[PDB]
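S.K.: below is the sequence, then the experimental coordinates.
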Amino acid sequence: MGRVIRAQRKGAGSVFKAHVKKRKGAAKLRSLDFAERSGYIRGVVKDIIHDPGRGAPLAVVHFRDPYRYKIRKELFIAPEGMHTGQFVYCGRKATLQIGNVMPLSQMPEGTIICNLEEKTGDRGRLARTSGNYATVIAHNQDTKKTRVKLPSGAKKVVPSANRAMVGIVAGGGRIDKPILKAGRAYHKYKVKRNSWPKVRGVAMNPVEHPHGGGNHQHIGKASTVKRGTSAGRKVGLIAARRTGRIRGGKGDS
RNA sequence: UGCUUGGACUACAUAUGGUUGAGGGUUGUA
RNA sequence: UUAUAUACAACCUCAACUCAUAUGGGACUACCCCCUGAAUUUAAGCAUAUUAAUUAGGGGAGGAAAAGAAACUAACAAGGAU
RNA sequence: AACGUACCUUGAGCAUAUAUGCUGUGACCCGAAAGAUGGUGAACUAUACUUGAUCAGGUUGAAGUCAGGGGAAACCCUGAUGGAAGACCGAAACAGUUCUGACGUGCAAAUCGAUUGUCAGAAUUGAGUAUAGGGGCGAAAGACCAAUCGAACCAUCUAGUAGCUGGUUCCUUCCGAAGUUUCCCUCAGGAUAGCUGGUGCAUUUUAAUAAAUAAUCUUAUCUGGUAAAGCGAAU
RNA sequence: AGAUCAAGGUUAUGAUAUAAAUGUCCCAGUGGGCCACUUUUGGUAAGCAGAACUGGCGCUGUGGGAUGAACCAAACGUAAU
RNA sequence: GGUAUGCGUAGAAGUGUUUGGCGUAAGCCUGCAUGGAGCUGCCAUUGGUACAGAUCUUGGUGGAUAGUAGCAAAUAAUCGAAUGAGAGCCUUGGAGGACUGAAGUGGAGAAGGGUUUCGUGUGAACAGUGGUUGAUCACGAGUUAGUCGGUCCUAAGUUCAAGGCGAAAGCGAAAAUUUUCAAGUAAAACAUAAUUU
RNA sequence: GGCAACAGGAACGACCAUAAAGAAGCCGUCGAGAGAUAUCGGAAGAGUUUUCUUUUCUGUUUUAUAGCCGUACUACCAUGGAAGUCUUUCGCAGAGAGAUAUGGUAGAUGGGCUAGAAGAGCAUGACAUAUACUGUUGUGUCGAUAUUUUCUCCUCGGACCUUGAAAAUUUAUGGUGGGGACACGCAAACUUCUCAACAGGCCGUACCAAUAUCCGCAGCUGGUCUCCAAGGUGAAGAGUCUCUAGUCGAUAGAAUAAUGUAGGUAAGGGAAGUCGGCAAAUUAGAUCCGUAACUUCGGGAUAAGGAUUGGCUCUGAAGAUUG
RNA sequence: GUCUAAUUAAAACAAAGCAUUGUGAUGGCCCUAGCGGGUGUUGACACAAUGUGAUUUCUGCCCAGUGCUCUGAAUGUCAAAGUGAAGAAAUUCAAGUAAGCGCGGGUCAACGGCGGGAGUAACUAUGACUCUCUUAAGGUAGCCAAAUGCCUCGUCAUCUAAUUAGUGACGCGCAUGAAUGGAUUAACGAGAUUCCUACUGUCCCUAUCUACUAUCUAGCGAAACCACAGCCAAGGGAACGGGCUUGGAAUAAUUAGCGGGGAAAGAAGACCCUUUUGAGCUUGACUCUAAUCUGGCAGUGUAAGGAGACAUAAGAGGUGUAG
RNA sequence: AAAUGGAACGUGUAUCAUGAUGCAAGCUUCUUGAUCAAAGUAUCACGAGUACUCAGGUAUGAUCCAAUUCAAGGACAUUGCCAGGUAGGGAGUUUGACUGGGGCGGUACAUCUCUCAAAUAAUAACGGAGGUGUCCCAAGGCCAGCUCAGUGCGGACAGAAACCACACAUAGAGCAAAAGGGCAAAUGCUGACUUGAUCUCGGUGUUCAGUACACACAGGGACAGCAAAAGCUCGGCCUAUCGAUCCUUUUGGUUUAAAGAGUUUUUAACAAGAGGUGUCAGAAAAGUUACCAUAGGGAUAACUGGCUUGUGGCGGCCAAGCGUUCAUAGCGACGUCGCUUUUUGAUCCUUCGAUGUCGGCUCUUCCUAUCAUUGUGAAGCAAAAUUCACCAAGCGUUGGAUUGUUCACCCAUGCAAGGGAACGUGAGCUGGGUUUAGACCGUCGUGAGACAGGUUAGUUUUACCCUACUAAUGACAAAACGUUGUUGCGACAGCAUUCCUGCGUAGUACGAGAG
C-alpha cells in the first residue's frame, strides 16, 4: 500500500479548494441577446479593478437593459488602453475599435481579439489572461468557420458568429520580472490556491510518492508515465512525446 | 388600533372527497 | 370555436388549498420475514475450499411469523397442501 | 482350472454403564505480533478558510528631491534631504544551540538554570469553521492526527491460532523407560516400529493335591579376509 | 512327495528354569543424551566433532577417592548382632 | 438416594491449643479453651472434588524505615501584645525590616470552574510542619438592566425543496436540471404587472 | 433667502431607479486635543528639626447630555489673470483644467464660555455637638513647559505578480402618475419642527482566573487569549532602586564535616589539559580618528588599530513672542 | 524561512531562478459506491505533473537495454459477437479478426550508460605518433587522495621543536564528472574543520570564601527491592561460590561516608538464530483488482448514392468416323 | 427561456425597354446626461351625472405567417451488459530444507561403486576417490566358428611406418559408460538366423515399518526365436540408470451405466500404458526493513570465563660453523625436545524473562619472562665504554605534536626511559570509535534498499540495603572476680625512604698517546 499521494489529494476539496473570497465576480461578456444580434448597444466603463488572484484588470462596464428599466453592471476582461468613461459598443453592427465586441464575421482578417467565445453565445472563454490575444487569421463563407490562432499557437476553427473583444488584454506582460523572494510567491499563491511550497517528490518516503524513497534521491524507474496510468501513479512527465532539450522545432504546425 | 395575560390553531408525505384553477393536451357548440 | 384574434361546454392530463375526514414515521428483540455479507480459524504452509450461504447484520411484521392447497413425488399393487 | 478377497465353512449380536485411548468443538490452564465488522475523535498537533487582537528601543541609510561646483557638450563631482529592505543589534513574545549543567523513585510521564536563535516578516496568536483511519494533513521527519502513529482510538467477531514459554493441587503399594529406525516443505513437531504398563487367557510327567521346550559353554560342521604375515607371489 | 501297516531298550552334550506361551489395549512416555575401557575417522589440538562394542550416568542413594553425574566397591523395606 | 429407633442450646459447625493417643502415610479420634445453631458414621451413585510455584488472581501484611530518602527554586523576617488547652506560621492587630517593582507576586475581564463567593460557628478528617485559621467542615445568606451583554445581521461554512442516487441506512453535494421550483404589490378586465431562480 | 459655495424651525417616499453611508487591512506620518507626568506661583494642612534648610509632601477636581461662540486644518465659491515663474512641506505637492492675493461657504471631529453644578456633589482643611440621624466655617486659584513613556482626531504618504469582508439597517436625490391645494380662509400637515402622555418582556450578571478555585490524577516551578501602567538614572515599556496597591506563604531550630548543586577569587606559566579551548576568561555604551583581502559593487565593516570620558566652577553656539 | 512535541536543527526540506511534460473545455490532472464534483468566480503570462536549486560560467557524447510517444507505410499474432460449412442434434470446422503485443520511426534538462591490448623519440624514462580488437557511446569541458582513493599515515611543498590533522599542488581517479547537474561563488550560518592572536584554575596543582543541602534535633514520612542470606584463600563443580569441601579465622548494638562485589535494580534481549509467526515497504514474485483503452450488443430513427443487376420479369449460345 | 423562420410593403445599387429582375435595407457612434409606467390616432363606450361635471374599449402606434425558447452536436457520444488488452494505484499471499551460528558457497536432498568398517551382515561426518538422470534393432536372443594385450623372428616400396607370415602368449585384452567383482572352444571377435525388449497369474530377494514404487529373482500358464538336438532366452554378464493420488490421454472388451421406455450420438466407468513432480514417499510462490514486531532459544552467534595452540611468545640437548689462529669469550646451520595463553584463531561448555560491549582518565595491588640501581661471576676485560651470566622484584619506569584506537613513529628529557596480570576499573567519569532512528557522497541494485567504504548530528538512569572498605562511639555479661580514675607493657597487624649530580679524590691510577 501507500498513502494517497499529493497528486490525488487535490481533487477532493478542502485545503486545495480555491481561495475565491475577495474575487470581484466572474468576468464574462454579456449574453448574445438581441441587441448584439441585430444592431449594438453602448455602455460606459465606470471602473478598472484588480481581481485578487487574477493577472489582468477587469472593467466595470454598465449598459442599459433594453426590456427592463435597469442599469446592468458588467465585468469584462479589460483590453489594453481602456480608460474610464470610454464607450464600449458591444454588438453586431459595431465598428472595429478596441475593445468593442462584435462577432468574428464582421471583423476582418488580421485583427487581434481577446475574451473570445468558444461556442457561439457562451460568453467569452478563449484568451483571457494578461498580455494574450488571438489573431483572426482567415475566414470562410462556406459554412461560416473562421480560423483563429490561439495563445498556444494551436490554430482553432471556431465558427464565425461568436463574439470577441478586439484588442490585446491589459495588464501584460507581468511574468517578466522576478518574484525574487519566497515571500512574494507566498503572496502570489495565498490568494490563488495551495500549490504550496511544492516539495519534490523524490525526497519523500516510498509510501507517498512513486519517485520517492531510496537511499539516494533518484528515480530509477522512468519519469515518463503512460497516459492511462492510473492515479496515483500518473506522476512526473505524463504521456511525454519527447523529453530533453527542445532545439529549434518547438514550432506548432 | 396600542399593550398585557390566557386559549385555540399553522410539519411533511399520502388516500378519497370538496373547492378554485391550468393547459398551440383532446374534441364540441356558439 | 383553436392568425396562439374572445367566449362557452366537455374530457384528459396536472396543480393548489391552516379545505372535510383518514392513514404513515414505534421504539422493543428472544423467536420470525427480506436483504447485505467478512475475516479470525482449519487445511499442521497457502491462494479455491473451510469458517459461512455465519458475527457485525438492519429494512419489515406477529403473538407466533414465514409457509401452504402441486408447473410435487414416483416408476409402484402407486402416492397427494404446508 | 488357476489366481483374488474387509466373504462363507450352521449363527453372536443388540441395548447399556464405566475406564482408557483417538478425533471434532474454548478442549488442561493462562500467553501472541496480527486479520476483520461497525463506530468515535482535529479540546492536542498538521493544514486551509473566515473574523479579531499583538510585536520597547536603537542602527543603517535605496529610489525621489533641493542648492551649490566642474563641462563645448555628454554628463560628472560634493553637501544636505529622504527613509527603502523576507537589512542590523536587541525587549516582549515565539523557539530550543550548548553546558552532553540541574534533574533523573523529578517541581515536571520533558521540567529547571545560565548560554544561545528569531523579532516587522514565508511573523506570532485566539475564536468560528473545514479535512477522519489503508483516511487526513505534511516548506517531508514515515512527522503529526487528544502522553497512542512504518497506521488512531473504541466495542465486537474472540475464550483467534500458538510444532514455543510458564504452571498443572492427596498418601502409600507394584512394575518401570527413551533419546533409536523409516517416512514428512521434516531438523525445538508428528506419524511409525523398538522399549513400557495394564488386563487376561491357554497349558505342558520343562501346570498346579517328561520320549519335550527354551538361553551362555561343549561337540560337530559351515562361513570370514581384520590383527599378524608378504614383496626371493600378482598389482 | 505322500496315506496306512511292521520292528525299535535305558531317549540320545553340560548346567539352568527367579514360570513360561500367547492375544488384545500397538494403551503411557520417548524419538535433544552425555560418560567410559578397547577399536576408530576428521582436527594441529580441544573438557572439540563423528561412529563400533560392552558397561554406566540420565533415573541412584550409600562406602571410598579431602572435593566431583560417570572412577573403585556396592545397588537401597524398618532394626540388632 | 437409602440407612445409623445417629448427635445437638445439658452447646452444632468453625477456630485455638506444651489434652492424650492412633496410623507407614495421606489423615483421624479425644480433653480443655472459645464459640453460639446446626451436624455426622455407613451403602450406593456422583462433582465446579485436594495448591507452594504459574513476573498466577484478589485482599492483607512485613523488612527496608516505622521511623530511613526526604519536606532545600521563587532574597526574610524579628519584637511585644491579644487570644487559646496548646501559636514560627497563616490567628489577628501595632511596630517592623525586606521583596514584587507598572511587561508587578497590582486592579479587572475571555474560555474553564460551579457556590469555591460572603457572614456566624468549628472536632475528627484534609491543609506531606502546626493550626485558634482555611478554597475544609457545619449552618444561614447572596447575582436586580429599555441604555452592559445575548437576542438582531450575515462571514467561512453547516448545505438543508429530491428533480437525483443508493438494497437500505444514508450521501469527500461553489446543487448548477426540481410545474408557480419566485421573496414579492391596498394591482383593471377576458390564469395585478415589467419583474426574482 | 445667498451672484456662488450653501443657508433656515418645519416645507407630497406610497413605489420604481440610481448614488452614498454601513464598509474596514498594513506600515509610516506634519498638526490638534485629551490623559498622565512634570517644574515655578498662590493658598490650607501635614514632615523635619544633630545643626542647616522662604524646605522635603499632599491637596486642589467637574461625568453624560445640551446651548453658544468658535479657528485652526483640508476642499470648494466669488472678483481676478500668473515668466523676471511663483506658492509650499520634515517630506515635492500644486497652478491657464486658474497660481499667488482679497472676501466668503462647508466640515470641527478640536477646545472656550454657560447650563448641568444645591459653595452639584466631591475633596481638603477649621470648628462645634456625651453622641446617634450631627449643625457649621473656610477653600477649590494662576501660569507654563512634555511624549504615540499612551489613546483619539486630522493630514499626506509608502509596499505589493499581496491592492486589503458580506448582508441587515439607514439615508439622500431623481422619476411618471397620483394626491394635497379655495383666500376674506376654517384649517391642515405618515408633520423629517416643538411639546406631552404610556410602555419596554425573556436569559446571563456572585466569585477565581491561577506559585491555592482552570488543565496537567494533586494546593504540580509546566501550560492557558486580552486591557490599564508611576518616579529615578538611561536611547529605551532594558537592567538595578523606589511610590500606589500586594505580600514575607514556600516545615522550623542548632551547627557549618566530607562529597555535591550554584557562585567568587588565585602566585608564576598560559592550552602544556582535551576527542575537541567543552567550561570559563577577555571585549562590549558613547563621541572622534581609522579601516585591509576580496566582491554580485550593494557590501565586507562595529573589519583591524587607536584616543577620549568623573567631579567642580566657567565660557560659546543653537530659538520664541513682543519689534 | 522550515522539520523529526519527548535523544538528531543539520549539509536535510523549502526557496527564487532554470527546464522538461500534459491540456483549446466533447479538455488536462483529480475525487466519487452511485448520482455528481474539485481545479474553476478558471482559459496557455492559465491550471496540472515532475526534475534542478540564487548569481556567474558552462552544460560533451550515446536511442543498443527499459520506458514514453507516433500523423506509424501494418499478414505475423489474434477475444467475444456476427458469418459460412459438415451433422439428427448438442457440437466441431473455416474464413474474417479491434485495441495491445511483434515489426518500425522519434526522444536522454526520460531511467541510464560513457572500452582494451600491442610497438615506437641518437642515454634511461615518457609516448605526440602507429597497429589493432571491440562497442549503442567509450568519460569531453572540468575538478580530485575530495563529506568521494581501497591500497595509504599516497608522493611533494607548507604549518610544527615534533602533525595519521590542516593547507596547497600532483593524478592510470578501488569507485570523480557535467539540471542523476560539473567548476566556481561575494554576503549570510546556534552548520563541519584547521591555525594564529586575545584570554583564562582546562591544566602544572590544587587552595580558599560564600549560599543552599547532606549532618544533628522536633513534627511528618514514602519507594525500589526481598529464595534464605550475607568474612576470605584454594579446590572441585554447569569450566568465576555467600552456602559445598579443606584451611584462615570467628564477640553486641550502632553513626556518617563509599561506590570493590552482590556476574546489584530496572527490562519475558533493541542485536543474532529459530517459528511452515507477522507487519511496513518494494519489484518483470504468484494470483487478483478499481480506473482506463478497445471491440460487440442494446437503446436507435428518416432520407439519398455507390458497390453489389442476387433470389428474379425475360432473352440466347450447340460440329466425334456417319447422317 | 424576449423578438426564431417565412413573406410583405419600404428606399437605394443594379439589370430588363415606366416595368420586372438580383443585392443592399428598414433606429442608437463625435461627448463619463437622461429614459420605466403611451402620446397621438381612429372607431365605438360614444354616454353617465345633466350646454353642464365626467367616461371606456379596441387595434393602430408597435405589419402579417408558422411554433421547435435558442444554439451547437446527433443516431453518434454518454449509459446498460459482455469481451480482449492494460494495471505494484490497490489487495491477498508466498519467498525450501540442510549446514561445526546464519549468509554465501556447495548438494552430502533420489541414487550407484571402492574405502572408512574394526574378518557375518549393519554403522556415521559438508570423511576420502569417483558415478548417475543416459546409451543400444543390436551393444537384445541364440547356434556355429575363431582368440586377446603384447613380445619374438621373417617378407618389394617398409623407419614408428601399416600389411601379409610362423612360433610364444592365463587374460597382462575386451566386455557402451564409473568402480568393483566375473568371463578363454566366453559373456570376448566374426559370421548365420532372428524379435523372449512379448502376453498372463500370483510368490520371493533388496529398501524394509519388515509398507509402497523401482530393480532383480525363482516359477505356472500361453505364444514364439535360435539350435541337428540337449537346451537357451521374460532385454543389456551382475551391482545405478527412476516417479504416487487427482486430472488429461490412448489402447482394449465386441463391454457395463446415464434409474420412466426404446435406438443413435455423447459422457462416464473398468483393465493396461503415457503425460511429472530431480526439494526425487511428490505445496503452485520474489525481494527488502538501520522504521520495525511477536513466540522463543543459551538447542544458536557477537561478548567475558573454561578447554585448546596452526599463529603468538619461548629456553635447554647435539655441533656444521663463524669467531684472524682458536668449536662453545660471544653467536651457532640441519636436527631435536620442552615451556606461556592478553592477543589470532579453533570450539560452543556457562549466560539471550540481559553479566553495560573499545579506549582514555583516575587509582590500587600483584607477577616476573631484569630496563635501570644494590651484591657478584665471566670476556677476544689496559682505562673509559660495553657485552655475557648469577641472587634479585626493594625504589623507579616520564613531558609532548598527529590519531578515537591498542601496538605506532616523531621531537625532547635521560650515565642510564623493562614487559606484563583480573580482555583491572561506565550506579568511577568521559563518550572520541563502532552501533537504532536523521542526512550526504562513492560503489552496488530495476527497485525498496545495501556496503567487513567515507562523512555529519545523535537521551549515558538507581544506592537510603547486606557486605567490604574508610573514619567514628561502644554496652550487658564473661574474666586469675567490684566500682571508678591515673601511669604503663606488647602479643599481633602495618612498615618507607629513594635514585641522581657536582667538588675533592685526579688529569692520578691506567695508556704509547688519544683518552
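M.R.: All right, it came through fine. Residues are numbered from 1 along each chain as shown, chains lettered A, B, ... in the order given.

S.K.: ok, residue A:220 - contacts?
M.R.: Residue A:220 makes contacts with residue A:214, as judged by Cβ atoms under 8 Å, 6 or more residues apart in numbering. C-beta here means a position set from N, CA and C on the backbone, and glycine is covered the same way.

S.K.: what distance do you get for it to residue A:152?
M.R.: 33 Å (Cβ to Cβ, to the nearest Å).

S.K.: what do you get for residue A:123?
M.R.: With Cβ to Cβ as the criterion, residue A:123 and residue A:152 are 22 Å apart.

S.K.: any residue of stretch A:58-65 touching RNA strand H?
M.R.: No. Counting by Cβ under 7 Å from any atom of the strand, RNA strand H is not contacted by stretch A:58-65; separation bottoms out at 8.5 Å.

S.K.: number of residues surrounding the residue in the stretch 51-200 of chain A that RNA strand I sits nearest to?
M.R.: Among the residues of the stretch 51-200 of chain A, residue A:85 lies closest to RNA strand I, at 2.8 Å counting by Cβ to the nearest atom of the strand. Using other Cβ atoms under 10 Å, residue A:85 has 7 other residues around it.

S.K.: again, but for residue A:1
M.R.: 4.

S.K.: what's it in contact with, if anything?
M.R.: Residue A:1 sits next to residue A:207 when contact means Cβ under 8 Å, 6+ apart.

S.K.: try residue A:77
M.R.: Residue A:77 is in contact with A:27, A:56, A:58-59, A:114-115, A:124, A:128, A:165, A:169, counting by Cβ under 8 Å, 6+ apart.

S.K.: ok, 7 Å please
M.R.: Contacts were defined as Cβ atoms under 7 Å, 6 or more residues apart in numbering; by that measure residue A:77 touches A:27, A:56, A:58, A:114-115, A:128, A:169.

S.K.: these, buried ones only, as a ChimeraX selection?
M.R.: Per 16 or more other Cβ atoms under 10 Å, the buried members of the contacts of residue A:77 correspond to this ChimeraX selection:
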select /A:27,56,58,114,115,128,169
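
S.K.: the contacts of residue A:77 in strands, which ones?
M.R.: Residues of the contacts of residue A:77 located in strands (DSSP state E): A:58, A:114.

S.K.: so can I have CSV of the contacts of residue A:77 showing distance to RNA strand I?
M.R.: CSV is the format used below for the contacts of residue A:77 (distance: Cβ to the nearest atom of the strand, whole Å):
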residue, distance to RNA strand I
A:27, 20
A:56, 21
A:58, 16
A:114, 17
A:115, 17
A:128, 21
A:169, 20
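
S.K.: ok, which pair from the contacts of residue A:77 is furthest apart?
M.R.: A:58 and A:114 (12.5 Å; Cβ to Cβ).

S.K.: ok, and for stretch A:119-139, which residues are buried?
M.R.: Going by neighbour count (16+ other Cβ under 10 Å), the buried part of stretch A:119-139 is A:123-124, A:126-136, A:139.

S.K.: for chain A, which residue gets nearest to RNA strand I?
M.R.: For chain A, Cβ to the nearest atom of the strand, closest residue to RNA strand I: residue A:39, 1.8 Å.
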